[PDB]
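Report on one structure; see the data block that follows.
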Amino acid sequence: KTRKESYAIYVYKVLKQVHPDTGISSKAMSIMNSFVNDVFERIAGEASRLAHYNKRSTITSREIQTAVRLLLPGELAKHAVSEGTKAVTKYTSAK
Amino acid sequence: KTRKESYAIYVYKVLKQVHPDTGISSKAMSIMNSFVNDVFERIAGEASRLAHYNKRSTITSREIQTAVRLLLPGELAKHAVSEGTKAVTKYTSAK
Amino acid sequence: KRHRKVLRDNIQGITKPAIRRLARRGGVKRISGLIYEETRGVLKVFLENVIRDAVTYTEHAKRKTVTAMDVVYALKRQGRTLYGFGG
Amino acid sequence: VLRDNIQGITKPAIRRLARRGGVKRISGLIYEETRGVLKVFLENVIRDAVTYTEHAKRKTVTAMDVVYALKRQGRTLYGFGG
Amino acid sequence: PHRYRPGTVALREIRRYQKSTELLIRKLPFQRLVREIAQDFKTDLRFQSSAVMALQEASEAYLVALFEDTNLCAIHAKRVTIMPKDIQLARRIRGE
Amino acid sequence: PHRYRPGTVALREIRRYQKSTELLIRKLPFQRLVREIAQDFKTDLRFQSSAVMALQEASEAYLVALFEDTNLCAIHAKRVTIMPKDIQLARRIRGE
Amino acid sequence: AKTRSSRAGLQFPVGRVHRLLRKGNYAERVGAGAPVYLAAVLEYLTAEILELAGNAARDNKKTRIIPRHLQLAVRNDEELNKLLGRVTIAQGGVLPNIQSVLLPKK
Amino acid sequence: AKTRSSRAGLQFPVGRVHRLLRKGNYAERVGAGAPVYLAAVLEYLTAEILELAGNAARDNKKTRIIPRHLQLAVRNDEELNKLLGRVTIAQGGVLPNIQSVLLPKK
DNA sequence: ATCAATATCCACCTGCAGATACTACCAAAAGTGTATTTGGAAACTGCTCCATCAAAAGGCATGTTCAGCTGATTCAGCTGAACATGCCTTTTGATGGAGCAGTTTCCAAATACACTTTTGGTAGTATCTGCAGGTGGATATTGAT
DNA sequence: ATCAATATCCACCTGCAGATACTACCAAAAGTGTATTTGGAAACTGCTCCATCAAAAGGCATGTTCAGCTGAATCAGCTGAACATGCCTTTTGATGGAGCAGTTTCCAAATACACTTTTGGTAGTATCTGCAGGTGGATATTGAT
Ligand SMILES: [Mg+2]
């Protein structure tokens, strides 16, 4: 009866943080789910190619970062970069 | 010093078979090589996606064939498929 | 089962009023009388292309049923990514 | 005779480009429009190439940096490697 | 017997359709069209209903955006009436 | 004392530049423009010679095809003279 | 026992993202920071779109974001519009928009 | 020791094609026939283009294929043109083509 | 019409950039042979959801009428095409040195693995609520006069 | 301007499907803690090929002049919008089974070293040739008359 994963509970968590009294319809959620898978594949793909172009067989935070600057337009890239740099910084210090 | 690979010799071998008295410029050969690399990447990428869509760990000739059908326009696909099926026949019926 | 009924000329189910509506949504004020057949023609080409690719995925998977994912992947290949159906 | 760089893309040269494109008559405002467009195109592609340059930690933009950036902008070029 | 002038109902419909999101082609007819086109590629095919709905959403969004482009080709010709030549110029420029 | 009609030389040039494949913008002014633009993203940059060439081939290919579409947009409006509005329409329909 | 998400200060699931990177065959190896950085980017972007869609719900006197809200949010924002420039949001409709020459009188 | 190419009847290198597939991260595994099929397809499309390009060289009094020929070969053929609809052949120029409304009155 | 200015053609000639051809050579693929592992087709079959069917909900087809848009016609003015007439930029080549690319080292970060804990999904039975659609009545827009 | 036909607004309400809420449950995910491998960073370095600049090459900037295009204004013919009318097809909602999807079995085919052979790439040289870019001379094209 196999299980279908989605980002729903995380999308939902994030929704409560920005708009604590707003719901999301299941159709709207299916879209948010498509959106995250989509940006996922697009970023991971750029990172894949990038690693290959540089004869590097490892995908690091450095590849994801460049992938983000190649994929996202100006301001979104800038903010995404921050959030990712700071998640890593924090991740590394937590051990 | 590092070996720079290319399909150049194979393109030349094919040139002589199809036009035995015609030569090719370096710049035209460079274009042919881009062409082969490009068609390679498009077919492989499409086969990759196919195998992922169907939760298989292996790219086979079957995936290469569906990739070809997805990618090439009508007649080109048809002749490519029959070229491909043929080469795999010869390959098998041969020790 | 017994003989599934013949399908012909369904292009004509895309009616003059339904096409006019789509043009409205698209911002269109006035519509020459030849637009309806032109649009039907353009739509058919659009569906042939998408369906061809969808059906190619179905057959590859050895199924008899065209799935939403078959269509979603055919849409992506075609540069017409669709969110909302398993994307 | 101090002159802008974009202006080095000259009337006669834009006019040739148009001719290759089958254009017969050209209005005086085209030259400035065209430069605007060329600038946008080079910004978009160069940005991406330079981002490849930086990633590899080079000071030199390579043909491959440009080719790879052309590819992702949907402008695949044949002739310069890859 | 009142009569709106030519144009007035047309603008009212633009406003109304631009504000809603429901599909505009009747469902069953669209589905028959899909089945007919599919059958000609391959017999004995079945369809998930969400596969048919996915095609409809895609086909309707493709066509709405094609009309916007078509509209801008007409307006460029100093008309307010879309014609086959507008659609064809849109499709040519789009590289279809 | 002899003058060609306006449009005769233009045609002669169309035939000539469609026959040939040489780049149509001088290399150096192009080189400077490239370098000027790249400076806003990274200071102290060198360019392989082939890098700059690749960029010129691509820009010229791009501008030539856009001039085709532009020309189609002028013709659509029943003109034979290309204008900024034709370029603008072409870019809008391409989705640029 | 800390999740890598808590460790990194994220709502989005870092184990999942690491696993999904492995199964996707993007590279022989996936670095430890990669899913952390990728998960943050993804979390960010969904926050950006939810902020905006949330506003469109509010602007339309509603409390439940539906796909029309997502579409209003995306198409009204220059950058999200570009990132999703080749994407269709089912049940989104279009922005209200009527070319000038089409309006009545003068 | 007979190469896989000669086994398959091919001028294009099967072993290389195989190595390029493994090291390409397309899938965990690569079946025995996939390189063979791929290499045939590639040989085939190459022959198809060199065919038409060569013809085009002939028609221009030339025995050496240059970019210009590859361009005329490709853009004069409906299917190759579509395959390469988003591709620029450096130094290819364009097809002679003048819109008829631009012709002088005769 | 003819006449003459200029462009365009074809044949033939040649010099050298660009292409073929050589060969020692040699590393790193590509093939081979043996040992081990696993992916996915087959056979069985649980169970979702698709095709298909009848009852009313409710848009479509057609003809009539005429408002106003398209497209032809005309025409004057301004705007690009052509083509003089000079200079100033670009191209070409030559020569230091920046940096990219090759190579070797070694350790931090990676994969592998086994075993222990947590989590996200689903199922089942639960009651909860946002808004769609209905109403009617208050105001706005539209078009005749 | 006014009047009056009809669309539009929004405010209030009841029904209900779609959302949210809950407990019991578990498989597979994720975390944790070892043992073992290695990708790529660092550091040093030899050699392209890049930026520079000076000498030779040559195209573009400018102004005058006017052909012929663009766009305005005017008009009629006729297309396409609006709307009344009649009525047929799609929408929706409830059962029977085709096929999809979840088991488990198991071998044909995959990967994984290790080991032997070859080929494709480079470098040094030398060797060769297709054709671009002149030339003369014949005719075609264009534009004046
Ligand atoms: Mg049929």
Side-chain angles (χ1 to χ4, degrees), chain A residues 1-6 8-9 23-26 56-58, chain B residues 1-6 9 23-26 56-58, chain C residues 1 4 15-18 30-33 63-65, chain D residues 1 8 10-13 25-28 58-60 62, chain E residues 1-10 12 26-29 46-49 78-81, chain F residues 1-10 12 26-29 46-49 78-81, chain G residues 1-4 13-16 18-19 28-32 62-64 104, chain H residues 1-4 13-16 18-19 28-32 61-64:
Chain A
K1 319 95 234 320
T2 221
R3 32 123 60 198
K4 4 151 207 174
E5 281 179 341
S6 80
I9 67 188
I24 191 164
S25 82
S26 44
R56 290 276 170 275
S57 56
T58 316
Chain B
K1 185 182 265 162
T2 214
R3 303 185 90 95
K4 216 262 210 287
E5 282 182 348
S6 137
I9 56 160
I24 190 160
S25 87
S26 264
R56 298 310 196 274
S57 337
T58 313
Chain C
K1 60 141 207 162
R4 193 277 168 92
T15 60
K16 183 199 170 179
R30 220 178 169 261
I31 296 162
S32 124
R63 281 187 273 101
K64 285 208 172 193
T65 319
Chain D
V1 204
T10 62
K11 175 163 166 164
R25 213 169 168 263
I26 301 179
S27 95
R58 275 183 277 100
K59 284 210 140 200
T60 314
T62 59
Chain E
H2 213 231
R3 279 224 150 215
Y4 292 104
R5 287 165 69 187
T8 302
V9 194
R12 215 223 281 343
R26 299 286 95 224
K27 280 192 203 317
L28 183 60
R46 288 158 133 249
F47 282 81
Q48 289 187 344
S49 42
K78 299 168 168 182
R79 300 179 263 107
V80 311
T81 313
Chain F
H2 189 256
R3 282 180 70 93
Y4 289 111
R5 312 281 274 265
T8 298
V9 190
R12 179 155 80 233
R26 322 286 299 285
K27 327 226 144 169
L28 178 60
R46 316 170 108 206
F47 270 77
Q48 281 175 0
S49 146
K78 288 178 168 188
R79 287 185 269 108
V80 301
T81 311
Chain G
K2 255 48 224 166
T3 68
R4 294 204 276 160
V14 174
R16 190 112 127 190
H18 207 347
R19 190 196 87 217
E28 306 297 309
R29 309 168 144 213
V30 178
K62 319 270 179 285
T63 262
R64 177 186 291 142
Chain H
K2 219 75 224 296
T3 68
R4 289 193 276 169
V14 172
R16 192 177 282 189
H18 202 341
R19 181 202 95 218
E28 287 257 328
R29 298 188 153 214
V30 187
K61 317 283 187 207
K62 271 94 217 300
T63 55
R64 185 179 295 144

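Order of the sequence lines fixes the chain letters, A, B, ..., with proteins taken first and strands second; residue numbering starts at 1 for each chain. What you see below is based on every heavy atom in this structure, not just the backbone, and it leaves out hydrogens, waters and symmetry mates.
- Among the protein residues, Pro29(F) comes within range of the sugar-phosphate backbone only, with heavy atoms under 4.0 Å from sugar or phosphate atoms but none that close to a base.
- The nucleotide range of DNA chain I contacted by chain H, defined by atoms under 4.0 angstrom from heavy atoms of the protein and reported 5' to 3', is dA19(I) to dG39(I).
- Residue note: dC106(I) shows a south-type sugar, the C1'-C2'-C3'-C4' torsion being below zero.
- Annotation: salt bridge (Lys or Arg N to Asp or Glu O under 4.0 Å) contacts of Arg4(C) (sequence neighbours excluded): none.
- If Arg63(C) and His18(H) are placed on DNA chain J by their nearest nucleotide, the residue sitting closer to the 5' end is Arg63(C).
- Nearest-nucleotide assignment on DNA chain J puts the 5′-proximal partner with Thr3(G), out of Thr3(G) and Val80(F).
- For the salt bridge (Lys or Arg N to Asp or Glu O under 4.0 Å) test, residues two or more places apart in sequence or in another chain that qualify with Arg79(F) are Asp86(F).
- Considering only residues two or more places apart in sequence or on other chains, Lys59(D) meets the salt bridge (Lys or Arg N to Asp or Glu O under 4.0 Å) condition with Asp44(F).
- With both ends at atom P, the span from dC83(J) to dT145(I) equals 16 Å, rounded to whole Å.
- In this strand, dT20(I) stacks on its neighbour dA21(I), with six-membered ring centres under 5.5 Å apart and planes inclined by less than 30°.
- Consecutive Watson-Crick or G-U pairing (both distances under 3.5 Å) extending over three or more pairs maps onto DNA chain I as I:1-8 with J:138-145, I:12-21 with J:125-134, I:27-35 with J:111-119, I:37-39 with J:107-109, I:46-52 with J:94-100, I:54-84 with J:62-92, I:92-95 with J:51-54, I:97-100 with J:46-49, I:106-109 with J:37-40, I:116-118 with J:28-30, I:128-130 with J:16-18, I:132-144 with J:2-14.
- Listed by chain and residue number, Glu5(A) satisfy the salt bridge (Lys or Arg N to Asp or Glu O under 4.0 Å) test with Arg19(G) (two or more places apart in sequence, or in another chain).
- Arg4(G) contributes no side-chain N or O that, together with a main-chain N or O of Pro13(G), makes up a donor-acceptor pair within less than 3.5 Å.
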